[PDB]
>>> print(open('target05.pdb').read())   # PDB, N, CA and C atoms
ATOM      1  N   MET A   1      15.539   2.877   8.748
ATOM      2  CA  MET A   1      15.141   2.320   7.461
ATOM      3  C   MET A   1      15.141   3.415   6.382
ATOM      4  N   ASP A   2      15.407   3.064   5.111
ATOM      5  CA  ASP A   2      15.409   4.070   4.050
ATOM      6  C   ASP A   2      14.670   3.531   2.850
ATOM      7  N   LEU A   3      13.503   4.054   2.572
ATOM      8  CA  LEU A   3      12.741   3.530   1.465
ATOM      9  C   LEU A   3      12.774   4.403   0.227
ATOM     10  N   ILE A   4      13.405   3.889  -0.826
ATOM     11  CA  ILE A   4      13.404   4.597  -2.103
ATOM     12  C   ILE A   4      12.419   3.881  -2.996
ATOM     13  N   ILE A   5      11.359   4.576  -3.316
ATOM     14  CA  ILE A   5      10.272   4.012  -4.078
ATOM     15  C   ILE A   5      10.150   4.508  -5.534
ATOM     16  N   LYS A   6       9.793   3.584  -6.428
ATOM     17  CA  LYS A   6       9.548   3.876  -7.842
ATOM     18  C   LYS A   6       8.096   3.484  -8.156
ATOM     19  N   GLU A   7       7.190   4.138  -7.440
ATOM     20  CA  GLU A   7       5.738   3.903  -7.505
ATOM     21  C   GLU A   7       5.125   3.941  -8.899
ATOM     22  N   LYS A   8       4.081   3.123  -9.068
ATOM     23  CA  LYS A   8       3.321   3.060 -10.295
ATOM     24  C   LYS A   8       1.895   2.701  -9.898
ATOM     25  N   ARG A   9       0.939   3.606 -10.063
ATOM     26  CA  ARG A   9      -0.422   3.313  -9.604
ATOM     27  C   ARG A   9      -1.467   3.242 -10.705
ATOM     28  N   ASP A  10      -2.355   2.260 -10.555
ATOM     29  CA  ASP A  10      -3.469   2.071 -11.465
ATOM     30  C   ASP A  10      -4.759   2.021 -10.647
ATOM     31  N   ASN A  11      -5.630   2.990 -10.851
ATOM     32  CA  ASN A  11      -6.841   2.981 -10.080
ATOM     33  C   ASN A  11      -8.078   2.798 -10.943
ATOM     34  N   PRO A  12      -8.755   1.650 -10.790
ATOM     35  CA  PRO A  12      -9.975   1.338 -11.480
ATOM     36  C   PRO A  12     -11.129   1.492 -10.490
ATOM     37  N   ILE A  13     -11.878   0.426 -10.241
ATOM     38  CA  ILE A  13     -12.950   0.485  -9.267
ATOM     39  C   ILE A  13     -12.383   0.549  -7.845
ATOM     40  N   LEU A  14     -11.291  -0.193  -7.614
ATOM     41  CA  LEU A  14     -10.700  -0.280  -6.279
ATOM     42  C   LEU A  14      -9.403   0.505  -6.090
ATOM     43  N   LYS A  15      -9.063   1.403  -7.011
ATOM     44  CA  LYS A  15      -7.880   2.250  -6.821
ATOM     45  C   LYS A  15      -6.633   1.461  -6.373
ATOM     46  N   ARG A  16      -6.239   0.420  -7.126
ATOM     47  CA  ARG A  16      -5.084  -0.402  -6.734
ATOM     48  C   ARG A  16      -3.804   0.072  -7.399
ATOM     49  N   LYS A  17      -2.717   0.134  -6.640
ATOM     50  CA  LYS A  17      -1.455   0.590  -7.221
ATOM     51  C   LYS A  17      -0.317  -0.425  -7.036
ATOM     52  N   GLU A  18       0.727  -0.281  -7.880
ATOM     53  CA  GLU A  18       1.918  -1.141  -7.864
ATOM     54  C   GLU A  18       3.178  -0.266  -7.864
ATOM     55  N   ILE A  19       4.019  -0.436  -6.862
ATOM     56  CA  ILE A  19       5.231   0.376  -6.709
ATOM     57  C   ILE A  19       6.479  -0.436  -6.437
ATOM     58  N   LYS A  20       7.591   0.140  -6.830
ATOM     59  CA  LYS A  20       8.901  -0.472  -6.623
ATOM     60  C   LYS A  20       9.506   0.098  -5.360
ATOM     61  N   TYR A  21       9.936  -0.765  -4.465
ATOM     62  CA  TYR A  21      10.452  -0.270  -3.185
ATOM     63  C   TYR A  21      11.697  -0.977  -2.632
ATOM     64  N   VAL A  22      12.613  -0.170  -2.075
ATOM     65  CA  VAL A  22      13.804  -0.685  -1.380
ATOM     66  C   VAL A  22      13.928   0.047  -0.051
ATOM     67  N   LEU A  23      13.982  -0.701   1.033
ATOM     68  CA  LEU A  23      14.108  -0.149   2.340
ATOM     69  C   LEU A  23      15.508  -0.461   2.813
ATOM     70  N   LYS A  24      16.225   0.546   3.247
ATOM     71  CA  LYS A  24      17.568   0.333   3.708
ATOM     72  C   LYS A  24      17.521   0.326   5.200
ATOM     73  N   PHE A  25      17.935  -0.775   5.769
ATOM     74  CA  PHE A  25      17.865  -0.918   7.191
ATOM     75  C   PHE A  25      19.238  -1.026   7.815
ATOM     76  N   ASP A  26      19.417  -0.271   8.884
ATOM     77  CA  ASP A  26      20.684  -0.249   9.601
ATOM     78  C   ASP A  26      20.768  -1.393  10.608
ATOM     79  N   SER A  27      21.725  -2.290  10.390
ATOM     80  CA  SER A  27      21.919  -3.437  11.272
ATOM     81  C   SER A  27      22.146  -2.992  12.712
ATOM     82  N   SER A  28      21.139  -3.198  13.555
ATOM     83  CA  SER A  28      21.222  -2.824  14.962
ATOM     84  C   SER A  28      19.919  -3.148  15.680
ATOM     85  N   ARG A  29      18.826  -2.565  15.197
ATOM     86  CA  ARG A  29      17.511  -2.792  15.785
ATOM     87  C   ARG A  29      16.547  -3.348  14.743
ATOM     88  N   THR A  30      15.569  -4.123  15.201
ATOM     89  CA  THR A  30      14.585  -4.717  14.305
ATOM     90  C   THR A  30      13.782  -3.631  13.586
ATOM     91  N   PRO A  31      13.491  -3.828  12.288
ATOM     92  CA  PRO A  31      12.725  -2.859  11.497
ATOM     93  C   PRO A  31      11.424  -2.458  12.183
ATOM     94  N   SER A  32      11.063  -1.182  12.068
ATOM     95  CA  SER A  32       9.839  -0.687  12.688
ATOM     96  C   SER A  32       8.633  -0.943  11.791
ATOM     97  N   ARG A  33       7.455  -1.042  12.401
ATOM     98  CA  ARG A  33       6.224  -1.278  11.654
ATOM     99  C   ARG A  33       5.806  -0.041  10.863
ATOM    100  N   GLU A  34       5.803   1.106  11.537
ATOM    101  CA  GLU A  34       5.417   2.370  10.916
ATOM    102  C   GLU A  34       6.494   2.885   9.971
ATOM    103  N   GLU A  35       7.755   2.751  10.368
ATOM    104  CA  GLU A  35       8.851   3.240   9.542
ATOM    105  C   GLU A  35       8.832   2.605   8.155
ATOM    106  N   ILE A  36       8.768   1.277   8.090
ATOM    107  CA  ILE A  36       8.736   0.593   6.803
ATOM    108  C   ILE A  36       7.370   0.725   6.139
ATOM    109  N   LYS A  37       6.335   0.337   6.863
ATOM    110  CA  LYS A  37       4.953   0.377   6.353
ATOM    111  C   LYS A  37       4.462   1.768   6.024
ATOM    112  N   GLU A  38       4.762   2.740   6.837
ATOM    113  CA  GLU A  38       4.309   4.065   6.514
ATOM    114  C   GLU A  38       5.166   4.665   5.402
ATOM    115  N   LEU A  39       6.478   4.688   5.581
ATOM    116  CA  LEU A  39       7.348   5.237   4.549
ATOM    117  C   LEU A  39       7.185   4.479   3.229
ATOM    118  N   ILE A  40       6.855   3.195   3.313
ATOM    119  CA  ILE A  40       6.655   2.375   2.118
ATOM    120  C   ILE A  40       5.411   2.831   1.343
ATOM    121  N   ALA A  41       4.249   2.889   2.012
ATOM    122  CA  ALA A  41       3.000   3.333   1.374
ATOM    123  C   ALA A  41       2.992   4.815   1.080
ATOM    124  N   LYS A  42       3.342   5.570   2.095
ATOM    125  CA  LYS A  42       3.334   7.001   1.997
ATOM    126  C   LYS A  42       4.183   7.409   0.822
ATOM    127  N   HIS A  43       5.412   6.903   0.784
ATOM    128  CA  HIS A  43       6.273   7.136  -0.360
ATOM    129  C   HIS A  43       5.597   6.575  -1.570
ATOM    130  N   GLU A  44       5.082   5.366  -1.377
ATOM    131  CA  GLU A  44       4.392   4.620  -2.405
ATOM    132  C   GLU A  44       3.454   5.468  -3.214
ATOM    133  N   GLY A  45       3.085   6.591  -2.664
ATOM    134  CA  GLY A  45       2.165   7.435  -3.345
ATOM    135  C   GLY A  45       0.814   7.274  -2.694
ATOM    136  N   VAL A  46       0.849   6.824  -1.431
ATOM    137  CA  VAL A  46      -0.377   6.520  -0.699
ATOM    138  C   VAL A  46      -0.228   6.648   0.816
ATOM    139  N   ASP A  47      -1.355   6.623   1.523
ATOM    140  CA  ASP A  47      -1.357   6.726   2.985
ATOM    141  C   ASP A  47      -1.050   5.379   3.656
ATOM    142  N   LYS A  48      -1.036   5.392   4.991
ATOM    143  CA  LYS A  48      -0.759   4.199   5.795
ATOM    144  C   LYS A  48      -1.876   3.159   5.686
ATOM    145  N   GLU A  49      -3.094   3.605   5.424
ATOM    146  CA  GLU A  49      -4.215   2.675   5.300
ATOM    147  C   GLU A  49      -4.041   1.828   4.041
ATOM    148  N   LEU A  50      -3.554   2.481   2.996
ATOM    149  CA  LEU A  50      -3.334   1.887   1.704
ATOM    150  C   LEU A  50      -2.092   1.008   1.637
ATOM    151  N   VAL A  51      -1.445   0.669   2.755
ATOM    152  CA  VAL A  51      -0.232  -0.150   2.635
ATOM    153  C   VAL A  51      -0.467  -1.654   2.754
ATOM    154  N   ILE A  52      -0.210  -2.342   1.644
ATOM    155  CA  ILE A  52      -0.250  -3.799   1.575
ATOM    156  C   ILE A  52       1.008  -4.272   0.841
ATOM    157  N   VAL A  53       2.004  -4.832   1.522
ATOM    158  CA  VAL A  53       3.202  -5.253   0.788
ATOM    159  C   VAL A  53       3.603  -6.704   1.051
ATOM    160  N   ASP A  54       3.499  -7.510  -0.004
ATOM    161  CA  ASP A  54       3.869  -8.922   0.039
ATOM    162  C   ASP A  54       5.040  -9.189  -0.896
ATOM    163  N   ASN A  55       5.868 -10.162  -0.544
ATOM    164  CA  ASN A  55       7.014 -10.513  -1.366
ATOM    165  C   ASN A  55       7.968  -9.334  -1.502
ATOM    166  N   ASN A  56       9.251  -9.643  -1.595
ATOM    167  CA  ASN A  56      10.281  -8.615  -1.718
ATOM    168  C   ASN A  56      11.517  -9.147  -2.449
ATOM    169  N   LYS A  57      11.734  -8.674  -3.680
ATOM    170  CA  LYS A  57      12.892  -9.100  -4.465
ATOM    171  C   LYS A  57      14.149  -8.377  -3.973
ATOM    172  N   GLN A  58      15.088  -9.124  -3.394
ATOM    173  CA  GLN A  58      16.311  -8.520  -2.862
ATOM    174  C   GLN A  58      17.445  -8.506  -3.889
ATOM    175  N   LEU A  59      17.737  -7.327  -4.433
ATOM    176  CA  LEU A  59      18.823  -7.174  -5.402
ATOM    177  C   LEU A  59      19.856  -6.160  -4.917
ATOM    178  N   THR A  60      21.068  -6.631  -4.611
ATOM    179  CA  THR A  60      22.148  -5.751  -4.152
ATOM    180  C   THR A  60      23.246  -6.549  -3.456
ATOM    181  N   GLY A  61      22.865  -7.292  -2.422
ATOM    182  CA  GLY A  61      23.834  -8.076  -1.683
ATOM    183  C   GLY A  61      24.484  -7.281  -0.568
ATOM    184  N   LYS A  62      23.799  -6.234  -0.115
ATOM    185  CA  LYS A  62      24.313  -5.386   0.957
ATOM    186  C   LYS A  62      23.538  -5.627   2.251
ATOM    187  N   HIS A  63      22.383  -4.979   2.383
ATOM    188  CA  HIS A  63      21.561  -5.137   3.577
ATOM    189  C   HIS A  63      20.219  -4.417   3.456
ATOM    190  N   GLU A  64      19.773  -4.149   2.228
ATOM    191  CA  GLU A  64      18.522  -3.479   2.005
ATOM    192  C   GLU A  64      17.648  -4.372   1.143
ATOM    193  N   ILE A  65      16.344  -4.212   1.250
ATOM    194  CA  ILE A  65      15.427  -5.081   0.534
ATOM    195  C   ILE A  65      14.615  -4.340  -0.506
ATOM    196  N   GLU A  66      14.516  -4.952  -1.676
ATOM    197  CA  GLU A  66      13.760  -4.396  -2.783
ATOM    198  C   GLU A  66      12.615  -5.327  -3.133
ATOM    199  N   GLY A  67      11.656  -4.823  -3.881
ATOM    200  CA  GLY A  67      10.523  -5.634  -4.258
ATOM    201  C   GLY A  67       9.386  -4.809  -4.784
ATOM    202  N   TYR A  68       8.194  -5.369  -4.732
ATOM    203  CA  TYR A  68       7.021  -4.660  -5.188
ATOM    204  C   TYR A  68       6.000  -4.611  -4.072
ATOM    205  N   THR A  69       5.439  -3.439  -3.867
ATOM    206  CA  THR A  69       4.450  -3.242  -2.836
ATOM    207  C   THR A  69       3.089  -2.969  -3.449
ATOM    208  N   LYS A  70       2.071  -3.422  -2.763
ATOM    209  CA  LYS A  70       0.707  -3.239  -3.203
ATOM    210  C   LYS A  70       0.013  -2.246  -2.283
ATOM    211  N   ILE A  71      -0.840  -1.377  -2.819
ATOM    212  CA  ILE A  71      -1.505  -0.410  -1.944
ATOM    213  C   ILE A  71      -2.997  -0.305  -2.195
ATOM    214  N   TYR A  72      -3.744  -0.165  -1.084
ATOM    215  CA  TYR A  72      -5.200   0.002  -1.161
ATOM    216  C   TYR A  72      -5.643   1.364  -0.604
ATOM    217  N   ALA A  73      -6.272   2.144  -1.483
ATOM    218  CA  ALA A  73      -6.760   3.471  -1.139
ATOM    219  C   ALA A  73      -8.190   3.427  -0.600
ATOM    220  N   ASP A  74      -8.822   2.258  -0.677
ATOM    221  CA  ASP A  74     -10.192   2.096  -0.198
ATOM    222  C   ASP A  74     -10.228   1.792   1.299
ATOM    223  N   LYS A  75      -9.065   1.496   1.872
ATOM    224  CA  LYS A  75      -8.965   1.185   3.295
ATOM    225  C   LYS A  75      -9.479   2.333   4.166
ATOM    226  N   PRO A  76      -9.048   3.582   3.892
ATOM    227  CA  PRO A  76      -9.476   4.744   4.676
ATOM    228  C   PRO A  76     -10.935   5.108   4.429
ATOM    229  N   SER A  77     -11.328   5.141   3.159
ATOM    230  CA  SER A  77     -12.700   5.472   2.796
ATOM    231  C   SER A  77     -13.682   4.512   3.461
ATOM    232  N   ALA A  78     -13.304   3.239   3.520
ATOM    233  CA  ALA A  78     -14.147   2.220   4.131
ATOM    234  C   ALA A  78     -14.173   2.369   5.650
ATOM    235  N   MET A  79     -13.054   2.797   6.220
ATOM    236  CA  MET A  79     -12.952   2.979   7.664
ATOM    237  C   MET A  79     -13.766   4.183   8.128
ATOM    238  N   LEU A  80     -13.801   5.224   7.300
ATOM    239  CA  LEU A  80     -14.535   6.441   7.629
ATOM    240  C   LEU A  80     -16.043   6.214   7.579
ATOM    241  N   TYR A  81     -16.493   5.455   6.587
ATOM    242  CA  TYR A  81     -17.916   5.171   6.425
ATOM    243  C   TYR A  81     -18.287   3.807   7.005
ATOM    244  N   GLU A  82     -17.278   3.028   7.387
ATOM    245  CA  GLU A  82     -17.506   1.702   7.954
ATOM    246  C   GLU A  82     -18.165   0.779   6.928
ATOM    247  N   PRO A  83     -17.582  -0.410   6.691
ATOM    248  CA  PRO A  83     -18.124  -1.376   5.730
ATOM    249  C   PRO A  83     -19.410  -2.031   6.222
ATOM    250  N   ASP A  84     -19.601  -2.037   7.538
ATOM    251  CA  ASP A  84     -20.793  -2.634   8.134
ATOM    252  C   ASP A  84     -21.905  -1.602   8.308
ATOM    253  N   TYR A  85     -21.750  -0.443   7.671
ATOM    254  CA  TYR A  85     -22.747   0.615   7.764
ATOM    255  C   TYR A  85     -23.580   0.690   6.487
ATOM    256  N   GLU A  86     -24.882   0.899   6.648
ATOM    257  CA  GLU A  86     -25.788   0.990   5.508
ATOM    258  C   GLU A  86     -25.393   2.143   4.588
ATOM    259  N   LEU A  87     -24.711   1.815   3.497
ATOM    260  CA  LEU A  87     -24.273   2.822   2.537
ATOM    261  C   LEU A  87     -25.387   3.154   1.548
ATOM    262  N   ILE A  88     -26.151   2.136   1.165
ATOM    263  CA  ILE A  88     -27.250   2.318   0.224
ATOM    264  C   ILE A  88     -28.028   1.020   0.034
ATOM    265  N   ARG A  89     -27.303  -0.083  -0.120
ATOM    266  CA  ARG A  89     -27.925  -1.388  -0.313
ATOM    267  C   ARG A  89     -28.786  -1.401  -1.570
ATOM    268  N   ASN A  90     -28.144  -1.583  -2.719
ATOM    269  CA  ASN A  90     -28.851  -1.614  -3.994
ATOM    270  C   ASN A  90     -27.893  -1.919  -5.141
ATOM    271  N   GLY A  91     -26.709  -1.321  -5.091
ATOM    272  CA  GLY A  91     -25.721  -1.542  -6.131
ATOM    273  C   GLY A  91     -25.755  -0.468  -7.201
ATOM    274  N   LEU A  92     -24.813  -0.537  -8.135
ATOM    275  CA  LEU A  92     -24.739   0.436  -9.220
ATOM    276  C   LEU A  92     -25.303  -0.146 -10.513
ATOM    277  N   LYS A  93     -25.512   0.716 -11.502
ATOM    278  CA  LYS A  93     -26.048   0.286 -12.789
ATOM    279  C   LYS A  93     -25.761   1.323 -13.871
ATOM    280  N   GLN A  94     -24.480   1.603 -14.091
ATOM    281  CA  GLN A  94     -24.071   2.574 -15.100
ATOM    282  C   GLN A  94     -23.737   1.880 -16.417
ATOM    283  N   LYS A  95     -24.693   1.110 -16.930
ATOM    284  CA  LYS A  95     -24.512   0.384 -18.187
ATOM    285  C   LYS A  95     -23.619  -0.846 -18.001
ATOM    286  N   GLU A  96     -23.199  -1.103 -16.762
ATOM    287  CA  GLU A  96     -22.344  -2.249 -16.462
ATOM    288  C   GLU A  96     -21.863  -2.201 -15.015
ATOM    289  N   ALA A  97     -21.946  -3.336 -14.329
ATOM    290  CA  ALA A  97     -21.517  -3.422 -12.940
ATOM    291  C   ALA A  97     -19.999  -3.339 -12.831
ATOM    292  N   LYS A  98     -19.309  -3.820 -13.859
ATOM    293  CA  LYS A  98     -17.850  -3.799 -13.880
ATOM    294  C   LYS A  98     -17.331  -3.408 -15.258
TER     295      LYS A  98
END
>>> encode(input="target05.pdb", output="structure tokens")
Amino acid sequence: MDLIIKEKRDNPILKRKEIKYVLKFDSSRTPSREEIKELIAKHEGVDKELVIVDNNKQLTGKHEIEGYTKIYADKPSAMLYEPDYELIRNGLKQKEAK
């Protein structure tokens, strides 16, 4: 697989990003999970935890797929501290919750 990415990231409260991606796949074996997903996010400007990619706009007519990928950077931070772990239980109040 060959992923050429044109990443664009916007990080607010949840550090969400938007990137342009094309994976070139060699007709022979089924696409790999890590190869596409890792190279997609990693290239994406993010780690493997941050890889969320839905929909894919195919422009070319050869054998590679293009589209937009979504990435979450909170996946690792949440995994390290665990979402089911008592982080504080109270919430924030910096002049506005959002």
>>> axis_aligned_box(input="target05.pdb", around="stretch 76-82 of chain A", padding_each_side="8 Å", output="AutoDock Vina command-line options")
--center_x -13.7 --center_y 3.6 --center_z 5.5 --size_x 25.2 --size_y 21.7 --size_z 21.3
>>> atom_distance(input="target05.pdb", atom1="atom CA of residue A:54", atom2="atom CA of residue A:69")
6.4 Å
>>> select_by_dssp(input="target05.pdb", residues="chain A", states="helix (DSSP H, G or I)", output="PyMOL selection string")
chain A and resi 33-44+74-81
>>> closest_residue(input="target05.pdb", among="A:50, A:87, A:73, A:3", to="residue A:16", atoms="only N, CA and C atoms")
A:73
>>> closest_residue(input="target05.pdb", among="A:51, A:59, A:1, A:14", to="residue A:32", atoms="all atoms listed in the file")
A:1
>>> select_by_dssp(input="target05.pdb", residues="stretch 39-97 of chain A", states="strand (DSSP E or B)", output="list in words")
residues 51, 52, 64, 65, 66, 67, 68, 69, 70, 71 and 72 of chain A
>>> write_last_selection(input="target05.pdb", atoms="N, CA and C atoms", output="CSV table (one decimal), keeping the file's coordinate frame")
chain,number,residue,atom,x,y,z
A,51,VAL,N,-1.4,0.7,2.8
A,51,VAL,CA,-0.2,-0.2,2.6
A,51,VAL,C,-0.5,-1.7,2.8
A,52,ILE,N,-0.2,-2.3,1.6
A,52,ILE,CA,-0.2,-3.8,1.6
A,52,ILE,C,1.0,-4.3,0.8
A,64,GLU,N,19.8,-4.1,2.2
A,64,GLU,CA,18.5,-3.5,2.0
A,64,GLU,C,17.6,-4.4,1.1
A,65,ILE,N,16.3,-4.2,1.2
A,65,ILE,CA,15.4,-5.1,0.5
A,65,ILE,C,14.6,-4.3,-0.5
A,66,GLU,N,14.5,-5.0,-1.7
A,66,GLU,CA,13.8,-4.4,-2.8
A,66,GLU,C,12.6,-5.3,-3.1
A,67,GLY,N,11.7,-4.8,-3.9
A,67,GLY,CA,10.5,-5.6,-4.3
A,67,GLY,C,9.4,-4.8,-4.8
A,68,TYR,N,8.2,-5.4,-4.7
A,68,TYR,CA,7.0,-4.7,-5.2
A,68,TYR,C,6.0,-4.6,-4.1
A,69,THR,N,5.4,-3.4,-3.9
A,69,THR,CA,4.4,-3.2,-2.8
A,69,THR,C,3.1,-3.0,-3.4
A,70,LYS,N,2.1,-3.4,-2.8
A,70,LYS,CA,0.7,-3.2,-3.2
A,70,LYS,C,0.0,-2.2,-2.3
A,71,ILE,N,-0.8,-1.4,-2.8
A,71,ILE,CA,-1.5,-0.4,-1.9
A,71,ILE,C,-3.0,-0.3,-2.2
A,72,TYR,N,-3.7,-0.2,-1.1
A,72,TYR,CA,-5.2,0.0,-1.2
A,72,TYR,C,-5.6,1.4,-0.6
>>> residues_around(input="target05.pdb", residues="residue A:7", least_positions_apart="6", cutoff="6 Å", atoms="only C-alpha atoms", output="list in words")
residues 19, 20 and 44 of chain A
>>> residues_around(input="target05.pdb", residues="residue A:70", least_positions_apart="5", cutoff="12 Å", atoms="only C-alpha atoms", output="list in words")
residues 7, 8, 9, 10, 11, 15, 16, 17, 18, 19, 20, 21, 37, 40, 41, 42, 44, 45, 46, 47, 48, 49, 50, 51, 52, 53, 54, 55 and 56 of chain A
>>> atom_distance(input="target05.pdb", atom1="atom CA of residue A:65", atom2="atom CA of residue A:34")
16.2 Å
>>> closest_residue(input="target05.pdb", among="A:39, A:79, A:97, A:4", to="residue A:24", atoms="all atoms listed in the file")
A:4
>>> closest_residue(input="target05.pdb", among="A:5, A:13, A:22, A:36", to="residue A:98", atoms="only N, CA and C atoms")
A:13
>>> atom_distance(input="target05.pdb", atom1="atom CA of residue A:72", atom2="atom N of residue A:12")
10.4 Å
>>> closest_residue(input="target05.pdb", among="A:33, A:84, A:2, A:25", to="residue A:62", atoms="only C-alpha atoms")
A:25
>>> closest_residue(input="target05.pdb", among="A:91, A:6, A:78, A:23", to="residue A:63", atoms="all atoms listed in the file")
A:23
>>> build_atoms(input="target05.pdb", residues="stretch 42-58 of chain A", atoms="N, CA, C and O atoms", output="JSON list (two decimals), in the coordinates of the input")
[["chain", "number", "residue", "atom", "x", "y", "z"],
["A", 42, "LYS", "N", 3.34, 5.57, 2.10],
["A", 42, "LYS", "CA", 3.33, 7.00, 2.00],
["A", 42, "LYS", "C", 4.18, 7.41, 0.82],
["A", 42, "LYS", "O", 3.68, 8.06, -0.11],
["A", 43, "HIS", "N", 5.41, 6.90, 0.78],
["A", 43, "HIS", "CA", 6.27, 7.14, -0.36],
["A", 43, "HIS", "C", 5.60, 6.58, -1.57],
["A", 43, "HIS", "O", 5.54, 7.20, -2.62],
["A", 44, "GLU", "N", 5.08, 5.37, -1.38],
["A", 44, "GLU", "CA", 4.39, 4.62, -2.40],
["A", 44, "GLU", "C", 3.45, 5.47, -3.21],
["A", 44, "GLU", "O", 3.05, 5.09, -4.31],
["A", 45, "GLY", "N", 3.08, 6.59, -2.66],
["A", 45, "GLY", "CA", 2.16, 7.44, -3.34],
["A", 45, "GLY", "C", 0.81, 7.27, -2.69],
["A", 45, "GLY", "O", -0.23, 7.46, -3.32],
["A", 46, "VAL", "N", 0.85, 6.82, -1.43],
["A", 46, "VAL", "CA", -0.38, 6.52, -0.70],
["A", 46, "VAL", "C", -0.23, 6.65, 0.82],
["A", 46, "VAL", "O", 0.87, 6.75, 1.33],
["A", 47, "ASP", "N", -1.36, 6.62, 1.52],
["A", 47, "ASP", "CA", -1.36, 6.73, 2.98],
["A", 47, "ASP", "C", -1.05, 5.38, 3.66],
["A", 47, "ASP", "O", -0.84, 4.37, 2.99],
["A", 48, "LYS", "N", -1.04, 5.39, 4.99],
["A", 48, "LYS", "CA", -0.76, 4.20, 5.80],
["A", 48, "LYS", "C", -1.88, 3.16, 5.69],
["A", 48, "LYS", "O", -1.64, 1.96, 5.85],
["A", 49, "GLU", "N", -3.09, 3.60, 5.42],
["A", 49, "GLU", "CA", -4.22, 2.68, 5.30],
["A", 49, "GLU", "C", -4.04, 1.83, 4.04],
["A", 49, "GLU", "O", -4.36, 0.64, 4.02],
["A", 50, "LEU", "N", -3.55, 2.48, 3.00],
["A", 50, "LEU", "CA", -3.33, 1.89, 1.70],
["A", 50, "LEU", "C", -2.09, 1.01, 1.64],
["A", 50, "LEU", "O", -1.71, 0.64, 0.54],
["A", 51, "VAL", "N", -1.44, 0.67, 2.76],
["A", 51, "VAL", "CA", -0.23, -0.15, 2.64],
["A", 51, "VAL", "C", -0.47, -1.65, 2.75],
["A", 51, "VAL", "O", -0.76, -2.18, 3.83],
["A", 52, "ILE", "N", -0.21, -2.34, 1.64],
["A", 52, "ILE", "CA", -0.25, -3.80, 1.58],
["A", 52, "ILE", "C", 1.01, -4.27, 0.84],
["A", 52, "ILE", "O", 1.08, -4.11, -0.37],
["A", 53, "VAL", "N", 2.00, -4.83, 1.52],
["A", 53, "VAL", "CA", 3.20, -5.25, 0.79],
["A", 53, "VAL", "C", 3.60, -6.70, 1.05],
["A", 53, "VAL", "O", 4.01, -7.07, 2.15],
["A", 54, "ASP", "N", 3.50, -7.51, 0.00],
["A", 54, "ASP", "CA", 3.87, -8.92, 0.04],
["A", 54, "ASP", "C", 5.04, -9.19, -0.90],
["A", 54, "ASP", "O", 5.18, -8.53, -1.93],
["A", 55, "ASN", "N", 5.87, -10.16, -0.54],
["A", 55, "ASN", "CA", 7.01, -10.51, -1.37],
["A", 55, "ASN", "C", 7.97, -9.33, -1.50],
["A", 55, "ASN", "O", 7.55, -8.18, -1.51],
["A", 56, "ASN", "N", 9.25, -9.64, -1.60],
["A", 56, "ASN", "CA", 10.28, -8.62, -1.72],
["A", 56, "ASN", "C", 11.52, -9.15, -2.45],
["A", 56, "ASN", "O", 12.26, -9.96, -1.91],
["A", 57, "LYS", "N", 11.73, -8.67, -3.68],
["A", 57, "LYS", "CA", 12.89, -9.10, -4.46],
["A", 57, "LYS", "C", 14.15, -8.38, -3.97],
["A", 57, "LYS", "O", 14.26, -7.16, -4.10],
["A", 58, "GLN", "N", 15.09, -9.12, -3.39],
["A", 58, "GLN", "CA", 16.31, -8.52, -2.86],
["A", 58, "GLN", "C", 17.44, -8.51, -3.89],
["A", 58, "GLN", "O", 18.06, -9.54, -4.16]]
